[PDB]
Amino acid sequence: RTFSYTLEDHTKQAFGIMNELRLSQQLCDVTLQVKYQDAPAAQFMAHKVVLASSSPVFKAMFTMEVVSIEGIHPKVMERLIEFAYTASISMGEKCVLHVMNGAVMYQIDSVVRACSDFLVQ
């Protein structure tokens, strides 16, 4: 007989740690430079393999690097990265469209579907 076991919460817990690591800027191997049209330049350190696992666009991009990002607002990028590491996203209603546009841009389909479904209303 062969024993087997699954920890139901493991993925949620491992992501918690991965988020700590990003916040401590530990083990990061990418820096996203978001320069965008009158808004101040922002930088976001992250882990390539985590970004790739949430976005086909990031996966395509990566399969210490500094990446220039045009065409998306830093605050929008910030929220998408948070989603990549936390499985949740928040914005103030008067902006759920801007977020959606970022999520469309990065093929984060679950976020797109969420904003879209909410915007319809």
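Position 1 is the first residue in the sequence shown; the rest follow in order.
Discussion item. How big is the unmodelled gap, if any, between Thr63 and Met64 relative to the deposited sequence? Choose none, 1 to 3, 4 to 9, or 10 or more.
Written reply: Per the deposited record, the segment joining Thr63 and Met64 lacks coordinates for 4 to 9 residues.
Discussion item. Quick check on the record: does 66-74 or 49-57 carry the larger mean Cα temperature factor?
Written reply: Comparing 49-57 with 66-74, the higher average CA B-factor belongs to 66-74.
Discussion item. Quick check: 18-26 versus 93-101, which has the larger average CA B-factor in the record?
Written reply: Looking at the recorded C-alpha B-factors, 93-101 comes out higher on average.
Discussion item. Among the modelled residues of this chain, does the Cα B factor of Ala87 put it in the lowest, middle or highest third?
Written reply: According to the entry, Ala87 has a C-alpha B-factor in the chain's lowest third.
Fill in: Cα B factor band for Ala39 (lowest, middle or highest third within the chain)
According to the entry, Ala39 has a C-alpha B-factor in the chain's highest third.
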